[PDB]
>>> print(open('run32.cif').read())   # mmCIF, C-alpha atoms
data_upload
loop_
_atom_site.label_atom_id
_atom_site.label_comp_id
_atom_site.auth_asym_id
_atom_site.auth_seq_id
_atom_site.Cartn_x
_atom_site.Cartn_y
_atom_site.Cartn_z
CA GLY A 1 0.00 0.00 0.00
CA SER A 2 2.95 2.31 0.63
CA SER A 3 5.55 0.56 2.78
CA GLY A 4 5.93 -2.34 0.37
CA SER A 5 8.23 -0.85 -2.27
CA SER A 6 6.00 -1.80 -5.21
CA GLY A 7 2.64 -3.46 -4.63
CA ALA A 8 0.06 -2.13 -7.08
CA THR A 9 -1.35 -5.59 -7.76
CA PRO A 10 -4.26 -6.94 -5.65
CA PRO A 11 -4.30 -10.67 -4.72
CA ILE A 12 -6.93 -11.89 -7.18
CA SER A 13 -10.30 -10.18 -7.60
CA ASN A 14 -13.69 -10.91 -9.18
CA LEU A 15 -16.39 -11.03 -6.50
CA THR A 16 -17.80 -7.73 -5.24
CA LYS A 17 -20.78 -6.30 -3.36
CA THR A 18 -22.45 -3.01 -2.42
CA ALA A 19 -25.08 -1.58 -0.07
CA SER A 20 -25.76 -2.99 3.40
CA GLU A 21 -29.48 -2.48 3.97
CA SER A 22 -32.61 -1.20 2.23
CA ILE A 23 -33.19 -1.48 -1.52
CA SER A 24 -32.21 2.06 -2.49
CA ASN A 25 -28.72 2.28 -4.01
CA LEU A 26 -27.90 4.87 -6.67
CA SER A 27 -28.25 8.43 -5.38
CA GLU A 28 -29.72 9.41 -2.02
CA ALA A 29 -31.55 12.54 -3.15
CA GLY A 30 -34.73 11.69 -5.03
CA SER A 31 -35.87 9.35 -7.80
CA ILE A 32 -37.64 6.92 -5.46
CA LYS A 33 -38.63 8.11 -1.99
CA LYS A 34 -41.79 6.11 -1.28
CA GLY A 35 -43.97 7.43 1.52
CA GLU A 36 -46.90 6.22 3.61
CA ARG A 37 -49.65 8.84 3.38
CA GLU A 38 -48.54 10.42 0.10
CA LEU A 39 -50.96 10.81 -2.81
CA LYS A 40 -50.23 10.15 -6.49
CA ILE A 41 -50.90 12.18 -9.63
CA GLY A 42 -54.35 11.84 -11.17
CA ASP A 43 -56.24 10.68 -8.09
CA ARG A 44 -59.65 11.81 -6.87
CA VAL A 45 -59.63 13.13 -3.30
CA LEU A 46 -62.00 14.86 -0.88
CA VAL A 47 -61.16 17.72 1.49
CA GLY A 48 -63.64 18.73 4.17
CA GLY A 49 -66.43 16.66 2.66
CA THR A 50 -67.45 18.88 -0.24
CA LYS A 51 -64.44 19.84 -2.36
CA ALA A 52 -63.38 16.97 -4.62
CA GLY A 53 -60.58 17.32 -7.14
CA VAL A 54 -57.65 15.47 -8.69
CA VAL A 55 -53.94 15.44 -7.85
CA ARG A 56 -52.34 17.60 -10.54
CA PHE A 57 -49.10 18.75 -8.90
CA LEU A 58 -46.99 17.45 -6.02
CA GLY A 59 -44.10 19.21 -4.32
CA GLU A 60 -43.13 21.87 -1.78
CA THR A 61 -45.31 24.96 -1.43
CA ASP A 62 -44.06 28.50 -0.82
CA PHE A 63 -46.73 30.00 1.42
CA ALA A 64 -46.88 26.91 3.63
CA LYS A 65 -44.12 25.29 5.69
CA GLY A 66 -44.56 21.70 4.55
CA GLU A 67 -45.46 19.46 1.62
CA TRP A 68 -48.84 20.28 0.07
CA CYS A 69 -50.78 18.61 -2.75
CA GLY A 70 -51.89 20.82 -5.62
CA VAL A 71 -55.36 19.49 -6.38
CA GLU A 72 -57.49 21.14 -9.06
CA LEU A 73 -61.14 21.55 -8.06
CA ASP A 74 -63.62 20.54 -10.76
CA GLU A 75 -66.11 23.06 -9.38
CA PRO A 76 -65.66 26.84 -8.87
CA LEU A 77 -64.16 26.63 -5.38
CA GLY A 78 -60.52 27.52 -5.94
CA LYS A 79 -58.49 30.72 -5.76
CA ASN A 80 -55.48 30.64 -8.08
CA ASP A 81 -55.18 29.47 -11.69
CA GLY A 82 -52.01 27.51 -11.00
CA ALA A 83 -49.81 30.54 -10.34
CA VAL A 84 -48.74 31.37 -6.79
CA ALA A 85 -46.90 34.64 -6.14
CA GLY A 86 -45.29 34.26 -9.55
CA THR A 87 -44.49 30.56 -9.17
CA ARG A 88 -46.24 28.34 -11.71
CA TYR A 89 -47.49 24.84 -10.90
CA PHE A 90 -50.30 23.53 -13.12
CA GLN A 91 -52.02 25.20 -16.07
CA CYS A 92 -55.77 25.22 -15.41
CA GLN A 93 -58.85 27.45 -15.55
CA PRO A 94 -59.25 30.28 -12.99
CA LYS A 95 -61.13 29.57 -9.76
CA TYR A 96 -60.20 25.88 -9.76
CA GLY A 97 -56.58 25.38 -8.76
CA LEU A 98 -56.35 24.80 -5.01
CA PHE A 99 -53.52 23.79 -2.68
CA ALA A 100 -53.98 21.79 0.53
CA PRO A 101 -51.74 19.77 2.91
CA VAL A 102 -51.45 16.07 2.08
CA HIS A 103 -52.27 15.10 5.66
CA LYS A 104 -55.38 17.25 5.30
CA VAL A 105 -56.29 15.72 1.94
CA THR A 106 -58.60 12.71 2.17
CA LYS A 107 -59.00 9.95 -0.42
CA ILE A 108 -62.35 8.82 -1.83
CA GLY A 109 -61.33 5.95 -4.08
CA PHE A 110 -60.96 5.09 -7.76
CA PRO A 111 -61.63 2.11 -10.09
CA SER A 112 -58.42 0.37 -11.16
CA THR A 113 -56.83 -2.01 -8.66
CA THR A 114 -59.61 -4.57 -8.24
CA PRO A 115 -57.61 -7.85 -7.97
CA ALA A 116 -55.35 -6.39 -5.28
CA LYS A 117 -57.85 -6.90 -2.46
CA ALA A 118 -55.69 -8.96 -0.08
CA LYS A 119 -58.40 -11.47 0.84
CA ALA A 120 -58.33 -15.10 -0.30
CA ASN A 121 -61.72 -16.81 -0.49
CA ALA A 122 -61.83 -19.43 -3.25
CA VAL A 123 -62.12 -17.92 -6.73
CA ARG A 124 -59.77 -15.47 -8.45
CA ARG A 125 -60.66 -11.84 -7.72
CA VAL A 126 -63.76 -11.52 -5.54
CA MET A 127 -66.61 -9.15 -6.37
CA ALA A 128 -70.03 -9.92 -4.91
CA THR A 129 -71.78 -7.10 -3.05
CA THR A 130 -75.32 -6.94 -1.66
CA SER A 131 -77.86 -6.21 -4.40
CA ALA A 132 -79.49 -3.14 -2.84
CA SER A 133 -81.51 -0.21 -4.18
CA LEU A 134 -80.16 2.59 -1.98
CA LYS A 135 -76.44 3.28 -2.39
CA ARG A 136 -75.98 6.84 -1.10
CA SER A 137 -78.09 9.33 -3.05
CA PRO A 138 -80.28 9.38 -6.21
CA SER A 139 -78.02 12.13 -7.57
CA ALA A 140 -74.88 9.99 -7.40
CA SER A 141 -74.66 7.31 -10.08
CA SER A 142 -72.20 5.14 -12.00
CA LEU A 143 -70.85 5.49 -15.54
CA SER A 144 -73.66 3.86 -17.52
CA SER A 145 -75.19 6.62 -19.64
CA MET A 146 -75.68 10.39 -19.65
CA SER A 147 -76.93 13.29 -21.77
CA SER A 148 -74.28 14.21 -24.34
CA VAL A 149 -74.12 17.16 -26.72
CA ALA A 150 -75.35 16.98 -30.32
CA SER A 151 -75.56 19.47 -33.18
CA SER A 152 -74.88 20.06 -36.87
CA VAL A 153 -71.34 20.74 -38.07
CA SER A 154 -70.71 22.40 -41.43
CA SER A 155 -67.32 23.97 -40.74
CA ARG A 156 -67.21 27.08 -42.92
CA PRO A 157 -66.40 30.58 -41.54
CA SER A 158 -68.52 32.81 -43.79
CA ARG A 159 -69.16 35.59 -41.28
CA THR A 160 -66.39 34.98 -38.75
CA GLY A 161 -62.82 36.07 -39.41
CA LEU A 162 -60.69 35.73 -36.28
CA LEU A 163 -57.60 34.10 -37.77
CA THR A 164 -55.05 35.61 -35.39
CA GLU A 165 -55.72 37.31 -32.05
CA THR A 166 -53.77 40.19 -30.51
CA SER A 167 -55.77 41.53 -27.57
CA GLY A 168 -57.76 38.57 -26.27
CA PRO A 169 -61.49 38.85 -25.41
CA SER A 170 -62.75 37.74 -21.99
CA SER A 171 -66.24 39.08 -21.28
CA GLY A 172 -68.54 39.08 -24.30
#
>>> encode(input="run32.cif", output="C-alpha cells")
Amino acid sequence: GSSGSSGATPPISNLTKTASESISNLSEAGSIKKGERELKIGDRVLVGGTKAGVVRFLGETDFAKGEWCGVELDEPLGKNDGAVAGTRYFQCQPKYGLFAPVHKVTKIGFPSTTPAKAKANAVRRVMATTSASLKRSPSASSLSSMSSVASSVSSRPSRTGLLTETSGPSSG
C-alpha cells in the first residue's frame, strides 16, 4: 500500500458487493422516496367533505411550511389558476386550482386495482356485493349513460374572421 516498495497488484479479484441495507442504491436525493400517506398524480380526493378534485401537482409549497398537494377543483371553489406569487405549478382554468396539505387531503377511491384486495376466499378476484336499491343518493350514479351534446357541423367561416388574435377577449 505504501511501505511495500511496489505493490500495485491486488491478490486476485472478481467477486464484489455493495449496499448494506434497504433497496435504495444509486443516489440518495430523489428518484424513489416512497412514503406512507402520500398521494399520487391523477387521483380523486375529498377535502372537508365537499371539495373533490384530482392530484395535478406534487411538491413543496411557498406560502406553507410543509409538503402540500396541488389538487385542481372541478367546481368553482378555488383561488389561483395555477400561479402562486409568480411561481407556476399547473395550467388550469381560474377559480379551480387549489392547494392543501397532504395530511389534510382525504381519499375517496378510484376504479383500477380490483384484484389487489388482499383477501383469499376461493375464486380469483372476488366481487359480490349486496344487491341493494339505496347506495348513497339518487343524484350519485355510475358510468352507464348520460346526456351528451349533439348538433350540426358544417365547418365554414362565412361571417367569422378571427384568424389571429392580438388583444384577447374575456367578457362578451
>>> resolve_selection(input="run32.cif", expression="the PyMOL selection byres ((chain A and resi 70) around 8)", output="tab-separated table (two decimals) with C-alpha atoms, in the frame of the given file")
chain	number	residue	atom	x	y	z
A	55	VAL	CA	-53.94	15.44	-7.85
A	56	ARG	CA	-52.34	17.60	-10.54
A	57	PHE	CA	-49.10	18.75	-8.90
A	58	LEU	CA	-46.99	17.45	-6.02
A	68	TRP	CA	-48.84	20.28	0.07
A	69	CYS	CA	-50.78	18.61	-2.75
A	71	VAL	CA	-55.36	19.49	-6.38
A	72	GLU	CA	-57.49	21.14	-9.06
A	89	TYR	CA	-47.49	24.84	-10.90
A	97	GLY	CA	-56.58	25.38	-8.76
A	98	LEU	CA	-56.35	24.80	-5.01
A	99	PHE	CA	-53.52	23.79	-2.68
A	100	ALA	CA	-53.98	21.79	0.53
>>> residues_around(input="run32.cif", residues="range 35-46 of chain A", least_positions_apart="4", cutoff="6 Å", atoms="all atoms listed in the file", output="JSON, numbers by chain")
{"A": [51, 52, 53, 54, 55, 56, 106, 107, 108]}
>>> write_last_selection(input="run32.cif", atoms="C-alpha atoms", output="short mmCIF file (atom, residue, chain, number, x, y, z; two decimals), in the coordinates of the input")
data_model
loop_
_atom_site.label_atom_id
_atom_site.label_comp_id
_atom_site.auth_asym_id
_atom_site.auth_seq_id
_atom_site.Cartn_x
_atom_site.Cartn_y
_atom_site.Cartn_z
CA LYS A 51 -64.44 19.84 -2.36
CA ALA A 52 -63.38 16.97 -4.62
CA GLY A 53 -60.58 17.32 -7.14
CA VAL A 54 -57.65 15.47 -8.69
CA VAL A 55 -53.94 15.44 -7.85
CA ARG A 56 -52.34 17.60 -10.54
CA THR A 106 -58.60 12.71 2.17
CA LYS A 107 -59.00 9.95 -0.42
CA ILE A 108 -62.35 8.82 -1.83
#
>>> atom_distance(input="run32.cif", atom1="CA of residue 112 in chain A", atom2="CA of residue 142 in chain A")
14.6 Å
>>> residues_near_point(input="run32.cif", point="(-48.9, 33.0, -3.5)", cutoff="10 Å", atoms="only C-alpha atoms", output="list in words")
residues 61, 62, 63, 64, 80, 82, 83, 84, 85, 86, 87 and 88 of chain A
>>> build_atoms(input="run32.cif", residues="range 118-146 of chain A", atoms="N, CA and C atoms", output="PDB file, in the coordinates of the input")
ATOM      1  N   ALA A 118     -56.331  -8.373  -1.256  1.00  0.00           N
ATOM      2  CA  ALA A 118     -55.690  -8.960  -0.080  1.00  0.00           C
ATOM      3  C   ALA A 118     -56.702  -9.723   0.768  1.00  0.00           C
ATOM      4  N   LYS A 119     -57.399 -10.666   0.139  1.00  0.00           N
ATOM      5  CA  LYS A 119     -58.400 -11.470   0.840  1.00  0.00           C
ATOM      6  C   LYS A 119     -58.735 -12.725   0.037  1.00  0.00           C
ATOM      7  N   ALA A 120     -58.092 -13.837   0.387  1.00  0.00           N
ATOM      8  CA  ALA A 120     -58.330 -15.100  -0.300  1.00  0.00           C
ATOM      9  C   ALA A 120     -59.632 -15.740   0.161  1.00  0.00           C
ATOM     10  N   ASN A 121     -60.441 -16.179  -0.798  1.00  0.00           N
ATOM     11  CA  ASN A 121     -61.720 -16.810  -0.490  1.00  0.00           C
ATOM     12  C   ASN A 121     -61.829 -18.174  -1.161  1.00  0.00           C
ATOM     13  N   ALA A 122     -61.741 -18.185  -2.487  1.00  0.00           N
ATOM     14  CA  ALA A 122     -61.830 -19.430  -3.250  1.00  0.00           C
ATOM     15  C   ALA A 122     -61.549 -19.184  -4.728  1.00  0.00           C
ATOM     16  N   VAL A 123     -62.286 -18.248  -5.318  1.00  0.00           N
ATOM     17  CA  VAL A 123     -62.120 -17.920  -6.730  1.00  0.00           C
ATOM     18  C   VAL A 123     -61.145 -16.759  -6.909  1.00  0.00           C
ATOM     19  N   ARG A 124     -60.706 -16.548  -8.145  1.00  0.00           N
ATOM     20  CA  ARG A 124     -59.770 -15.470  -8.450  1.00  0.00           C
ATOM     21  C   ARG A 124     -60.501 -14.130  -8.535  1.00  0.00           C
ATOM     22  N   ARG A 125     -60.053 -13.169  -7.734  1.00  0.00           N
ATOM     23  CA  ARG A 125     -60.660 -11.840  -7.720  1.00  0.00           C
ATOM     24  C   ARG A 125     -62.123 -11.919  -7.294  1.00  0.00           C
ATOM     25  N   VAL A 126     -62.398 -11.502  -6.062  1.00  0.00           N
ATOM     26  CA  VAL A 126     -63.760 -11.520  -5.540  1.00  0.00           C
ATOM     27  C   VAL A 126     -64.488 -10.220  -5.841  1.00  0.00           C
ATOM     28  N   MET A 127     -65.793 -10.319  -6.071  1.00  0.00           N
ATOM     29  CA  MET A 127     -66.610  -9.150  -6.370  1.00  0.00           C
ATOM     30  C   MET A 127     -68.094  -9.488  -6.315  1.00  0.00           C
ATOM     31  N   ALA A 128     -68.623  -9.593  -5.099  1.00  0.00           N
ATOM     32  CA  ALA A 128     -70.030  -9.920  -4.910  1.00  0.00           C
ATOM     33  C   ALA A 128     -70.623  -9.119  -3.748  1.00  0.00           C
ATOM     34  N   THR A 129     -71.183  -7.956  -4.062  1.00  0.00           N
ATOM     35  CA  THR A 129     -71.780  -7.100  -3.050  1.00  0.00           C
ATOM     36  C   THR A 129     -73.262  -7.426  -2.864  1.00  0.00           C
ATOM     37  N   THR A 130     -73.907  -6.724  -1.938  1.00  0.00           N
ATOM     38  CA  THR A 130     -75.320  -6.940  -1.660  1.00  0.00           C
ATOM     39  C   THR A 130     -76.194  -6.141  -2.631  1.00  0.00           C
ATOM     40  N   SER A 131     -76.982  -6.849  -3.432  1.00  0.00           N
ATOM     41  CA  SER A 131     -77.860  -6.210  -4.400  1.00  0.00           C
ATOM     42  C   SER A 131     -78.906  -5.344  -3.699  1.00  0.00           C
ATOM     43  N   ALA A 132     -78.579  -4.073  -3.499  1.00  0.00           N
ATOM     44  CA  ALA A 132     -79.490  -3.140  -2.840  1.00  0.00           C
ATOM     45  C   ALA A 132     -80.010  -2.096  -3.817  1.00  0.00           C
ATOM     46  N   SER A 133     -80.926  -1.258  -3.346  1.00  0.00           N
ATOM     47  CA  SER A 133     -81.510  -0.210  -4.180  1.00  0.00           C
ATOM     48  C   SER A 133     -80.968   1.161  -3.780  1.00  0.00           C
ATOM     49  N   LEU A 134     -80.678   1.326  -2.494  1.00  0.00           N
ATOM     50  CA  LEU A 134     -80.160   2.590  -1.980  1.00  0.00           C
ATOM     51  C   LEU A 134     -78.654   2.502  -1.745  1.00  0.00           C
ATOM     52  N   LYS A 135     -77.893   3.273  -2.514  1.00  0.00           N
ATOM     53  CA  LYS A 135     -76.440   3.280  -2.390  1.00  0.00           C
ATOM     54  C   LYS A 135     -75.983   4.433  -1.491  1.00  0.00           C
ATOM     55  N   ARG A 136     -76.351   5.653  -1.869  1.00  0.00           N
ATOM     56  CA  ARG A 136     -75.980   6.840  -1.100  1.00  0.00           C
ATOM     57  C   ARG A 136     -76.946   7.984  -1.374  1.00  0.00           C
ATOM     58  N   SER A 137     -77.185   8.259  -2.653  1.00  0.00           N
ATOM     59  CA  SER A 137     -78.090   9.330  -3.050  1.00  0.00           C
ATOM     60  C   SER A 137     -78.496   9.191  -4.512  1.00  0.00           C
ATOM     61  N   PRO A 138     -79.769   9.480  -4.836  1.00  0.00           N
ATOM     62  CA  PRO A 138     -80.280   9.380  -6.210  1.00  0.00           C
ATOM     63  C   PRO A 138     -79.423  10.171  -7.198  1.00  0.00           C
ATOM     64  N   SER A 139     -78.861  11.280  -6.730  1.00  0.00           N
ATOM     65  CA  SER A 139     -78.020  12.130  -7.570  1.00  0.00           C
ATOM     66  C   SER A 139     -76.777  11.373  -8.033  1.00  0.00           C
ATOM     67  N   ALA A 140     -76.085  10.749  -7.086  1.00  0.00           N
ATOM     68  CA  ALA A 140     -74.880   9.990  -7.400  1.00  0.00           C
ATOM     69  C   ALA A 140     -75.204   8.730  -8.182  1.00  0.00           C
ATOM     70  N   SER A 141     -74.446   8.487  -9.246  1.00  0.00           N
ATOM     71  CA  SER A 141     -74.660   7.310 -10.080  1.00  0.00           C
ATOM     72  C   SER A 141     -73.344   6.844 -10.702  1.00  0.00           C
ATOM     73  N   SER A 142     -73.384   5.691 -11.364  1.00  0.00           N
ATOM     74  CA  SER A 142     -72.200   5.140 -12.000  1.00  0.00           C
ATOM     75  C   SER A 142     -72.079   5.620 -13.446  1.00  0.00           C
ATOM     76  N   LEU A 143     -71.075   5.114 -14.154  1.00  0.00           N
ATOM     77  CA  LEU A 143     -70.850   5.490 -15.540  1.00  0.00           C
ATOM     78  C   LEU A 143     -71.558   4.529 -16.491  1.00  0.00           C
ATOM     79  N   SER A 144     -72.865   4.711 -16.645  1.00  0.00           N
ATOM     80  CA  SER A 144     -73.660   3.860 -17.520  1.00  0.00           C
ATOM     81  C   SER A 144     -74.112   4.622 -18.761  1.00  0.00           C
ATOM     82  N   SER A 145     -74.710   5.789 -18.544  1.00  0.00           N
ATOM     83  CA  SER A 145     -75.190   6.620 -19.640  1.00  0.00           C
ATOM     84  C   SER A 145     -75.564   8.012 -19.147  1.00  0.00           C
ATOM     85  N   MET A 146     -75.361   9.011 -20.000  1.00  0.00           N
ATOM     86  CA  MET A 146     -75.680  10.390 -19.650  1.00  0.00           C
ATOM     87  C   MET A 146     -76.096  11.183 -20.885  1.00  0.00           C
TER      88      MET A 146
END
